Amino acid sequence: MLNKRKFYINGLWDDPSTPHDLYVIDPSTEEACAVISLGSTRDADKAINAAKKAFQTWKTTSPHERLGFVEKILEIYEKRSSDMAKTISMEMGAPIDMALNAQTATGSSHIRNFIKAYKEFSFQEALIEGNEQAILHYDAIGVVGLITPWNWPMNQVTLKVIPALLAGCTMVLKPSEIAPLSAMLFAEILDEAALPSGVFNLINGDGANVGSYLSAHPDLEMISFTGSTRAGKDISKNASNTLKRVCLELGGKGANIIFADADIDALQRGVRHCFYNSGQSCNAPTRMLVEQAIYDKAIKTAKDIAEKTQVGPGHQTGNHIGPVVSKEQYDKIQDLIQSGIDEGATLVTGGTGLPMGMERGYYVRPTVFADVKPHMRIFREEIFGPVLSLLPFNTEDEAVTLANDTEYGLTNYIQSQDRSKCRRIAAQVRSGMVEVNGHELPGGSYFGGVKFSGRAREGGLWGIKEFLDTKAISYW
């Protein structure tokens, strides 16, 4: 079992003020793989003090020198990529192939996209096009709090730490206490990159104590948070007394609108996307809304793909899905699956319990429901397991109404070979992102939602600017 009790504060790994041990569980086995410390408010004060002190000199480094640190971080990140993949796989259950090619690789892709964006960005520019007197200046917002979850850990950590570096901020990161090891290795990457003492600090801890304490701390000027909508509301409440900037990346209940004229592979692509990372993706397309004409075909295709979707441990190679991350997550998912049965949805395949043959680990069966109705829990609540809900629609208006019947609005999805129809529907759905016909958003695009999904705009230029204040100077 790994001894990982220390925090990274002011350039050094140090003990917490008081021991408060927590085992990190490997969800593929149910066994402890490491021990960490849950920090107290004193450990937070230490980290924040180190960051405030560093900021005074870090804010005066040139963009050139900051970019050089980020390039160095990328170089060491790539060198440690398979250590990172194994760590992620172990702590949160990602099957090892996808732990390397998606969990770890998205980190490197975000880093590169920040680099490209930074090269196009200037800290001064015209305030009004064609006025050569007044100027717009961007300033480091200050010392910031960063809070990341367990589901796509390096995706979420790189999206926050890199633009904060480039902006000239210093920071305290609290990663997820159920998957902190990847962040601790990221800490080692930054230390090996010789990032100046106090610029980056890592303390472990929980939401109710350390997370809330950071969000209310008077020496932080911003909190960047990725996590559940429930937690985001409390972050926002705690931050309001010091008028911090609050940037939130929260949950989703994505609709995938599939028309009869969708390309051949639309249905398969959709079902596969739902189960990817065992459904533990805030933007996963979990409500499949299918035109009446191909509804029976959709059910049949979802059934086939589900039955062919293997489940297996994180440590095994291949394209099975892994366990879900925790017992508590497993229990919530089982309850929601049972609710689908009890509320009268059609159970197409899968259901409650461990898949046949698995004796231990938080393995959830790939599950499909059909004839799901808007009032059902499985329609409304984010499940975060490999659980798809299908229902039909008859008109474009009905599809849009169903897609918009949610408080969330992260990514919605549309499949149709009719470009005009794609455009009409894309304009009417209420989300921060829309993926049409399996096309991903380009590198350097933002990632973020509207309404209960949060309104953060992470990635590329958007992401760098969340860590800057603007200043309008009337004569430069």
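Heads up: residue numbers just count along the shown sequence, starting at 1.
The question of which stretch, 156-164 or 287-295, has the higher mean Cα B factor is settled in favour of 287-295. According to the PDB record, 367-375 carries the higher mean C-alpha B-factor of the two stretches 247-255 and 367-375. Between the residues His315, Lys174, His110, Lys72, it is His315 that shows the highest Cα B-factor in the PDB record. When the C-alpha B factors of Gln310, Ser182, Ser89, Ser281 are read from the deposited coordinates, the top value falls at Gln310. Compared with the other modelled residues of the chain, the Cα B-factor recorded for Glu30 ranks in the highest third.
When the modelled residues of the chain are ordered by C-alpha B-factor, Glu65 sits in the middle third. In the deposited entry, the Cα temperature factor of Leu22 sits in the top third of values across the chain's modelled residues.
Sort the modelled residues of the chain by CA B factor and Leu12 lands in the highest third.
Sorting the modelled residues of the chain by their CA temperature factor places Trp150 in the lowest third.
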